[PDB]
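Labels below follow one simple rule: chain letters A, B, ... track the order of the sequence lines, proteins then strands, and each chain is numbered from 1. No hydrogens, no waters, no symmetry mates; every other heavy atom, side chains included, goes into these values.
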Amino acid sequence: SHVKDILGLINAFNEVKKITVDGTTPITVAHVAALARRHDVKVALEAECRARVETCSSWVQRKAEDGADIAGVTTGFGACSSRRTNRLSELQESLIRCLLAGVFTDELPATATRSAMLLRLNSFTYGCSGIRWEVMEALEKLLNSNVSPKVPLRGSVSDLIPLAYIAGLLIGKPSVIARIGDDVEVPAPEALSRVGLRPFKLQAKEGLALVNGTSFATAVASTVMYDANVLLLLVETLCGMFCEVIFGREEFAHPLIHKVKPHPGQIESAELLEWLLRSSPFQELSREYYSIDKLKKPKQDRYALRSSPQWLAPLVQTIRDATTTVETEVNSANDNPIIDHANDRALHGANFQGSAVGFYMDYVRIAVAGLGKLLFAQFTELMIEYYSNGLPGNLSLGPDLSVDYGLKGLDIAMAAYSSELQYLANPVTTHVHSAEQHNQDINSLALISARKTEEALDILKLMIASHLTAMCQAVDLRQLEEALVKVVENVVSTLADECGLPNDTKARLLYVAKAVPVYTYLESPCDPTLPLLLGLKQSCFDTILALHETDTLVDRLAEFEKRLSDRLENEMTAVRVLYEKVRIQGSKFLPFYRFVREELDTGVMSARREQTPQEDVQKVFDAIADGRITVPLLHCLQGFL
Amino acid sequence: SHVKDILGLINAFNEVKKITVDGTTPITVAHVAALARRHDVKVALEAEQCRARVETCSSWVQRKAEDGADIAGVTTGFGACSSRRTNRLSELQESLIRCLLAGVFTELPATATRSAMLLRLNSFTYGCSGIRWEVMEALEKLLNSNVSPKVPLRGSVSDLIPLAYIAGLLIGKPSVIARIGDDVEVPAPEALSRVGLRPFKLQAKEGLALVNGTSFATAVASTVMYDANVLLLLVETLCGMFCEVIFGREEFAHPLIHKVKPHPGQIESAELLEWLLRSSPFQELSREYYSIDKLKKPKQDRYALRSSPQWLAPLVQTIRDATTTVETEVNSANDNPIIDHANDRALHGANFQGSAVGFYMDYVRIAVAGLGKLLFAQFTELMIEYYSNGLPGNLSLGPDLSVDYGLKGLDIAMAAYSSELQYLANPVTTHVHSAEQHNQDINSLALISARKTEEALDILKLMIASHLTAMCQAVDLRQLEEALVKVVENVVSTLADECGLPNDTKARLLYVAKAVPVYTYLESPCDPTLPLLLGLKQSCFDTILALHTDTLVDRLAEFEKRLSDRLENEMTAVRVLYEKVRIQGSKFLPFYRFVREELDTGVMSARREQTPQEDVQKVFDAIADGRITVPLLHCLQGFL
Amino acid sequence: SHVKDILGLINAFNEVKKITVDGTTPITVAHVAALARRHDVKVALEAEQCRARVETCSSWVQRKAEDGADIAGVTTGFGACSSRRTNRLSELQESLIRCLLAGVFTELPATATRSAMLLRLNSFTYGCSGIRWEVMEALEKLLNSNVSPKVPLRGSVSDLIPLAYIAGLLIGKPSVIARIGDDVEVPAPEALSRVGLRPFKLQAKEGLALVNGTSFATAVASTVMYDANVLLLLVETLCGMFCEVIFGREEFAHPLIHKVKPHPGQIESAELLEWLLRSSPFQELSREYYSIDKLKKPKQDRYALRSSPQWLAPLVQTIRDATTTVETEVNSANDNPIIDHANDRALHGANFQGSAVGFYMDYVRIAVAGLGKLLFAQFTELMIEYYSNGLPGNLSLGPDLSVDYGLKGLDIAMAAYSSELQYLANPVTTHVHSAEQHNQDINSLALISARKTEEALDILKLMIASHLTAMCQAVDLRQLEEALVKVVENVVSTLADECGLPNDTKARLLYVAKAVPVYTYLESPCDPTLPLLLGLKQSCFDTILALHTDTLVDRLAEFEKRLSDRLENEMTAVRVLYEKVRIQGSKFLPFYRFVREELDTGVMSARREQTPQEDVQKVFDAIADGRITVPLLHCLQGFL
Ligand SMILES: *N[C@@H](c1ccccc1)C(F)(F)C(=O)O
Ligand SMILES: *N[C@@H](c1ccccc1)C(F)(F)C(=O)O
Ligand SMILES: *N[C@@H](c1ccccc1)C(F)(F)C(=O)O
């Protein structure tokens with residue numbers, strides 16, 4: 001299952017200490033994200049591939065000096081390949097001068113730049129580039145010392161310009177500013193000095209080897225894919241939590257439905273959902289709910305739940321397939337020419353072309369928009385009492401609703417999030433311009449597309465934060481609902497006894513107490529115009545007709561109504577105040593609820609809780625953003641398969 | 001390789017005579033396309049494999065419904081109205097169809113409608129729907145007799161409305177119009193009567209079972225995917241023909257380049273291209289071209305060729321992966337509720353949701369726009385003399401270029417095609433509205449997206465037809481080029497002898513004859529301002545300096561004189577002969593022969609009265625109708 | 001107001017008999033639409049006005065060209081080939097047409113082609129083109145004889161290729177096919193023969209003059225803009241009908257709201273709605289409805305109604321501004337070079353560039369998607385009982401809702417329509433490719449854009465047809481609702497008397513009869529679990545408490561029981577009578593009368609055999625063919 005694979009990715013991300021870089025061991029997107037996000041993670045360039053790098057650089061320098069005809073080595077660049085030259089080093093310097101052509105408006109973050117440095121280093125290990133081993137050592141040292149050039153955001157059609165800043169750092173260009181850690185910014189020569197390095201003088205092919213790759217597009221794509229995997233699993237998992245709070249019917253996940261429409265992501269998402277819901281105490285409450293006035297309640301849930309495995313299917317498949325493609329790029333010799341020293345030739349192709357990554361970034365962004373739409377639809381149902389099977393509008397606890405609009409602010413924001421996400425999911429690859437003196441008449445735009453997919457995932461994180469916050473609110477509301485109905489049942493049962501009401505009467509009144517949704521009268525339980533009293537009055541008329549001594553019965557019914565308005569509200573208030581100052585304990589989602597409520601220190605939202613929706617959602621968003629959210633996720637999924 | 005898989009689809013499409021429909025044998029996109037496109041193809045619904053499970057299921061449903069089992073859309077209302085119950089089993093199903101006959105004629109083609117009928121029939125064979133066997137037999141007979149309802153284009157969010165027209169035909173609704181073949185349209189009851197059927201009276205679940213599927217989206221997606229596979233292979237293949245006519249360097253396809261960046265589609269497209277170009281006689285002309293004035297010509301080709309395997313990789317993978325997804329949908333019980341009669345349950349889910357198809361239709365449309373951009377970039381290079389390595393601008397033969405703008409009209413149209421294609425490739429699935437009393441708060445829009453991808457492929461067909469036409473033109477221009485240079489060399493060599501020029505002078509003049517691109521002076525070979533005489537004059541001045549006289553000057557003046565007597569006539573003669581060879585040893589011979597001989601065309605010029613339209617129409621028609629697969633399969637004979 | 005301007009356009013469309021083409025009188029979008037759609041409308045080319053300047057100009061060009069003047073595309077090659085000079089004046093023009101007959105049939109409708117012919121003729125009247133007057137006479141004759149070439153859909157980046165087919169017809173190219181009326185297709189030479197014309201022999205500049213224009217993009221844009229104006233006014237107007245049936249509060253249109261946020265389209269749409277709603281019998285019912293249980297009902301309407309003027313503002317302004325721009329293009333010399341014969345120069349520019357039209361087609365398509373979203377929002381509200389203030393879900397009459405899903409099918413199609421419309425409204429102009437040997441490195445794509453906006457308007461027409469059909473259903477439901485509540489009140493009143501209930505009891509019971517929405521219990525009025533009996537039970541218990549006996553209880557039990565004697569029977573009788581009033585005093589009467597009486601429809605239900613398709617088709621056809629303007633103009637009589 002993809003679920004196992006994604007669990008493996010999260011474990012790899014957490015557990016890795018050293019990234020082995022050797023030209024044979026694959027680097028995964030979890031490795032890239034770990035390097036970028038955990039500075040205790042170190043690169044270990046393992047020589048055992050040094051010999052082949054050396055053979056390659058020796059071949060290049062010798063052949064170039066002998067006058068071999070090799071594009072971008074003894075010839076001009078791009079559309080200028082007709083021009084030949086024996087000025088081997090000057091050719092390489094002229095390239096970097098030409099490409100230091102970005103403008104600061106905004107910049108690629110250090111996370112992306114360090115990731116790109118890793119990916120360039122990795123490419124060099126295959127022994128096809130002709131770069132000196134010493135330059136590779138320097139990259140390893142820069143990576144492990146938290147040094148990176150400041151790189152302008154735009155200019156790549158995929159990654160000459162941004163890679164030129166890494167080259168600029170290595171050759172000690174004074175105009176190139178380098179970061180060391182979070183605040184220090186110094187010119188390149190002093191950055192090199194601070195970490196015990198000296199500037200390189202570029203030899204044959206070395207300028208081109210440094211800039212002629214897909215490292216920035218693929219770096220961003222790697223963290224994008226790591227995040228898309230984690231957030232996909234989170235969304236699939238939270239569909240079960242939605243089913244719990246909305247009073248869904250877990251049958252939507254039945255294996256036979258999916259066996260007969262066997263898209264792999266459809267089968268796998270449902271398999272997870274069936275397992276999450278199998279022993280659910282909330283599904284027990286759901287069954288009890290639909291057995292009361294069965295024929296007045298929907299037979300099936302709305303699509304945002306019942307259709308979730310069908311919806312998720314292409315999203316799972318897209319994200320998993322795109323992960324394979326990005327990792328193939330990470331572990332490639334993206335460079336040109338490709339030096340085949342074993343056969344004494346330089347091969348002229350286009351491995352710098354980032355089209356595999358670019359197209360898949362467009363697809364993943366559409367899939368991400370699909371995930372956001374699922375979240376938006378679920379959230380919408382949860383906010384509307386007509387669709388939420390007993391929950392109050394806006395998940396407002398009240399009881400005074402005139403001064404408690406609940407999660408209405410979050411609801412409005414969810415629409416804004418989904419709307420921007422759908423806009424972002426238009427493709428970038430459809431916008432190919434004929435570029436660079438018409439030499440680059442197809443080009444991938446892969447870094448641009450990866451950047452837009454990253455922006456989409458940022459919005460998805462916000463939507464997940466909100467949805468999880470709303471579902472924790474709904475857990476509290478469902479627990480309080482159960483406690484409140486029992487209080488109402490007990491008060492009605494005991495007052496029927498006290499007032500000496502007949503059994504026909506007692507049975508009718510208890511039915512009303514069980515059947516009427518408590519959140520419809522919580523605001524003023526003894527209001528004669530609200531559903532509890534309306535139900536009770538209807539039943540009182542019916543019992544009088546059924547039993548038709550009349551005057552003594554009426555006497556006792558009037559007394560019942562009097563004592564109800566003296567005690568009911570007080571008992572309902574007490575249980576609520578107690579709750580503010582259980583089913584979730586038996587649920588697979590207990591780790592999420594516990595994390596949000598206890599670990600992040602939050603509570604049921606109301607006019608009495610002084611923290612803002614911002615303050616609460618911020619805590620959840622921060623935990624999604626920094627990866628702490630994977631702890632409850634892995635706890636929740638323990639034992640699955 | 002995907003190449004063998006696609007060849008397999010093509011052979012299946014052409015070879016199938018009967019489509020077996022039995023609940024276990026898979027239907028591929030080739031089977032769907034063959035049914036749609038070849039009326040000789042018949043459906044064979046196999047009773048022995050599946051009648052028993054179908055009958056068990058319908059009996060179960062009718063018995064449970066009559067006993068008051070609570071089953072959504074069977075004893076309850078539809079969609080947002082599932083909370084209402086009823087024992088009016090038939091009337092409930094009638095009311096559904098009445099409600100859904102809601103399209104407007106401002107239609108879906110018969111190909112798509114018959115494909116959808118096939119797909120609905122297939123869904124029923126899994127024994128989860130509750131429909132009667134007799135209705136399935138009626139669908140088979142309608143399919144085999146070329147009877148299908150006229151269906152409105154729009155209304156589906158994925159396929160209640162369009163499927164209701166098939167239901168409408170089955171129950172003999174007078175407002176539903178049915179085609180019988182190409183020439184007859186009659187009301188539904190008359191159609192049933194003409195093929196010996198009577199209208200069905202809907203039983204429990206049967207109206208819902210007929211409409212609650214993904215049949216139209218998946219029907220369109222199936223022919224879309226068949227076409228996308230064929231056109232993909234054609235585009236990949238034609239990258240090799242482009243290399244041949246543009247004077248490319250075949251090294252771009254070297255397997256080591258792709259071994260070190262091993263996207264499967266990159267490896268596999270390069271593998272095909274290496275094989276197509278191996279020992280090519282055109283690649284031999286290319287080598288010679290780059291050996292002449294070597295240091296003044298590009299070391300590498302432009303991206304439209306050199307970067308082609310890298311570009312193709314995601315496009316190959318998208319199209320092959322979408323094919324798998326669409327075929328899983330074709331072979332699924334797309335219906336709800338799903339009847340597990342063996343365990344006495346009606347299972348409530350959403351197999352009517354066409355999301356797997358819809359999302360993949362969005363992706364394929366992006367991939368098709370990628371294929372179009374590749375074609376546009378190659379065609380652009382081919383039209384511009386600065387980028388075509390000796391070819392004339394617009395592939396104009398002339399010789400009089402003032403009255404021959406060649407393929408400039410096709411070039412303009414290629415920009416228009418690519419532009420519209422890029423626009424079409426925006427996603428449909430990003431436009432989900434919360435629909436049907438907010439019950440359908442996610443919905444796939446799969447049929448809309450499939451229709452847009454279908455529109456995109458129509459345009460790609462146009463682009464391939466033009467590109468292939470242009471490359472046949474370029475084949476003729478390269479062959480004429482080789483013949484012309486030999487004539488110029490012969491005339492120069494024999495006039496050098498005749499005029500008694502030194503061996504030094506003879507050699508210099510022959511180099512110019514070899515080096516100057518003939519298309520730069522074909523218009524007026526002896527014009528002193530054009531590159532032939534310009535090179536000759538330069539060489540004549542140098543030779544006077546190297547030998548320094550009065551008689552040498554006399555002889556060189558006699559050479560120039562005699563050149564203007566002889567050269568143009570001999571060049572005209574060889575061109576005229578050509579209009580009234582390397583391609584014979586090229587793997588692309590079957591394409592050139594198909595376009596020139598079988599479709600009856602010729603090198604384009606002011607002397608050929610057929611318009612670019614007339615020539616491209618023939619090629620486009622052969623792409624549209626499948627004839628193009630013959631030269632394609634011939635071309636690839638022996639590959640792997 | 002833009003309202004008066006649109007009424008002006010409609011009147012012109014209907015009343016024009018002859019289009020005057022004279023080089024000074026403007027042609028509007030109503031004129032283009034009328035020529036395209038009304039064949040009795042004839043072109044009148046006026047010689048006295050512009051023949052002299054035409055003849056002066058064609059004489060200047062022929063003389064200058066024959067004398068060797070250097071003029072692009074006249075004595076030089078075309079586009080990227082302008083450096084090539086020639087004295088082959090006629091053959092240069094022939095070579096252009098040959099090169100541009102490059103479209104493929106996979107076609108533009110005759111309406112668009114004939115509109116394009118009108119527009120090319122118009123451009124020629126400015127006397128800047130050099131075309132012969134006789135060619136202009138031939139276009140007038142072809143137009144008036146209903147002869148037009150068959151033109152391929154694609155190939156223009158804006159309109160050389162499609163215009164080449166008009167040129168092909170005029171010069172009698174055999175490969176060009178011509179329509180004569182609805183039924184006849186012949187080769188171009190026979191078409192000319194039948195109208196007494198002979199093939200033209202192109203003189204200097206004339207091939208270019210025929211093709212170097214924006215005629216097709218602008219022809220499509222003209223009918224698009226005419227339709228956008230009519231449909232805009234229809235949507236605005238129908239917002240008032242929506243208010244009436246939804247029980248809106250007309251105060252949203254109050255002039256002060258819009259004076260303080262004075263976007264011209266906001267003020268003018270609100271001004272119309274204020275006037276439409278001012279003496280409304282439905283707004284009277286609305287106010288009565290909100291006076292009953294006032295504090296339990298919304299203070300404000302939802303945005304689809306209350307925010308309509310603010311929403312409409314940019315859409316009105318976009319559509320009106322685009323009309324101006326399109327008309328400027330219709331009335332322009334879109335040609336190149338521009339001959340200034342009076343100053344003896346040929347001016348080299350780019351008036352063939354259709355960028356003004358292209359960009360505005362993108363904007364209008366965005367505005368059309370805005371209008372579609374407004375209709376979708378209103379339709380959605382109307383289908384959902386929680387949002388419709390007493391109307392039944394799906395506007396189902398029932399009474400048995402288990403077999404009446406009302407307009408659910410139409411609701412689903414409205415989501416499908418809006419979804420596709422939002423997708424279409426992505427821009428085309430963002431997809432400029434560098435075209436035609438990189439000569440056309442900016443190009444407008446105006447025809448492609450115009451075509452997409454036309455497709456969006458087709459969808460908007462379907463949405464308006466559905467929305468108007470739904471609102472007529474709602475009118476019937478509101479009128480029936482008022483009649484039904486009166487029946488319930490009378491039954492309750494008389495039974496309360498007959499059972500000898502106290503006056504206080506009678507008054508409480510009557511309040512329930514008035515306050516409970518009748519559509520919540522119409523299905524089974526005496527059902528003890530539905531809201532009528534629930535309210536009566538509560539009231540009966542409260543009476544017992546208030547007066548706290550055995551005779552009171554006996555009489556209350558009799559009241560309840562006798563309710564099932566008469567109530568359902570009288571409610572059935574009044575409904576059945578209705579099936580076989582407020583709208584008579586409403587400004588929307590003409591629409592209701594048009595849909596019900598003129599189109600022959602009725603309140604939708606399980607008893608009415610017509611399908612939703614059959615009903616919506618009639619409304620759609622009337623929108624499409626312009627009949628809908630009759631009730632629109634009647635509705636608006638007396639406005640300002
Ligand atoms: N990627 C190409 C390039 C183009 C412009 C400037 C620098 C480099 C390349 F020419 F170097 C190549 O390897 O194809
Ligand atoms: N697909 C659903 C439907 C909705 C509206 C009209 C007809 C059918 C369904 F309700 F039938 C379902 O199976 O969920
Ligand atoms: N619009 C130009 C053109 C380009 C290619 C073929 C025909 C015409 C033009 F060159 F004619 C011009 O007027 O700029």
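Checked by atom type and distance alone, the side chain of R607(C) pairs as donor or acceptor with a backbone atom of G398(C) at under 3.5 Å. Panel note: side chain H348(B), backbone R306(A); no donor-acceptor pair is recorded below 3.5 Å. Using modelled atom types, one side-chain atom of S123(B) and one backbone atom of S332(B) make a donor-acceptor pair closer than 3.5 Å. Although no hydrogens or angles enter the test, the distance criterion places a donor-acceptor pair under 3.5 Å between the side chain of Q203(B) and the main chain of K201(B). Between the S449(B) side chain and the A446(B) main chain, no donor and acceptor come within less than 3.5 Å of each other.
Closest approach of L395(C) and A470(C) over heavy atoms only: CD1-O, 3.2 Å. Across every non-hydrogen atom of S444(B) and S355(B), the tightest pair is CB-N, 3.3 Å. Taking every heavy atom of both residues into account, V54(B) and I131(B) meet most closely at CG1-O, 3.5 Å. Summarising the geometry of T111(B) relative to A36(B), their closest heavy-atom pair is CG2-O, 3.4 Å, with the distance given to 0.1 Å. Scanning all heavy atoms of the two residues, the minimum distance from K408(C) to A80(B) falls at NZ-CB, 4.2 Å. Contact detail for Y387(C) and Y387(A): the closest heavy-atom pair is OH-OH, 4.1 Å.
Counting heavy atoms from C-beta outward, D67(B) and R63(B) have side chains that stay 4.5 Å or more apart. Two residues are said to be in side-chain contact when any heavy atoms from C-beta on lie closer than 4.5 Å; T325(B) and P314(A) fail this criterion. Using a 4.5 Å heavy-atom threshold, the side chains of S158(B) and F216(B) count as separate. Between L210(B) and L202(B) the shortest side-chain heavy-atom distance falls below 4.5 Å. With a 4.5 Å cut-off on side-chain heavy atoms, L599(C) and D621(C) do not count as touching.
In the model, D615(C) has no side-chain atom that pairs as donor or acceptor with a side-chain atom of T469(C) under 3.5 Å. Checking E107(B) against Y165(B) by side-chain atom types alone, no donor-acceptor pair falls below 3.5 Å. Side-chain contact of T611(C) with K173(B): a donor-acceptor pair under 3.5 Å is absent, judged by distance alone. One side chain, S418(C) or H433(B), offers a donor N or O that lies under 3.5 Å from an acceptor on the other.
For residues 211-221 of chain B, the set of pairs meeting the side-chain hydrogen bond (donor to acceptor under 3.5 Å, both in side chains) definition, not counting sequence neighbours, comprises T214(B)-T218(B), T214(B)-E329(B), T214(B)-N334(B).
A salt bridge links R194(B) to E190(B): at least one charged side-chain nitrogen sits closer than 4.0 Å to a carboxylate oxygen. Residues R154(B) and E420(C) are paired through a salt bridge, judged by an N-O separation under 4.0 Å between the basic side chain and the carboxylate. Between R98(B) and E609(C) there is no salt bridge, since no side-chain nitrogen of the basic residue lies less than 4.0 Å from a carboxylate oxygen of the acidic one. The pair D404(C)-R84(B) fails the salt-bridge criterion, with no side-chain N (NZ, NE, NH1 or NH2) lying under 4.0 Å from an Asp/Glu carboxylate O.
Going from atom CD1 of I339(B) over to atom CH2 of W60(B) covers 5.0 Å, rounded to the nearest 0.5 Å.
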Does the pair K141(B) and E137(B) meet the rule for a salt bridge (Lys or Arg N to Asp or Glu O under 4.0 Å), with working shown? CA-CA 6 Å; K141(B) 194 176 191 188; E137(B) 291 176 309; over 6 Å; no
Decide yes or no on side chain to side chain donor-acceptor pair (under 3.5 Å) for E436(B) and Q440(B), but give the supporting numbers first. CA-CA 6 Å; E436(B) 194 248 310; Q440(B) 301 191 32; 3.0 Å; yes
In sequence, state the C-alpha distance, the side-chain angles, and the governing distance for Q300(A) and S82(B), and then conclude on side chain to side chain donor-acceptor pair (under 3.5 Å). CA-CA 7 Å; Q300(A) 294 194 111; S82(B) 78; 5.5 Å; no
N394(C) vs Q437(B), side chain to side chain donor-acceptor pair (under 3.5 Å): CA-CA, chis, key distance, verdict: CA-CA 8 Å; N394(C) 304 296; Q437(B) 300 180 296; 3.1 Å; yes
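Residue-environment remark: NZ (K259(A)) stays at or below the threshold of 12 foreign heavy atoms within 6.0 Å.
Under the 30°/60° scheme for interplanar angles, the aromatic rings of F379(C) and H467(C) are found to be tilted.
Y290(A) carries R249(A) over the face of its six-membered ring, with the cationic atom under 6.0 Å from the centre and within 45° of the normal.
Checking each of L170(B), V211(B), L208(B) against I97(B) for a side chain to side chain contact (heavy atoms under 4.5 Å, CB included) leaves exactly one that passes, namely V211(B).
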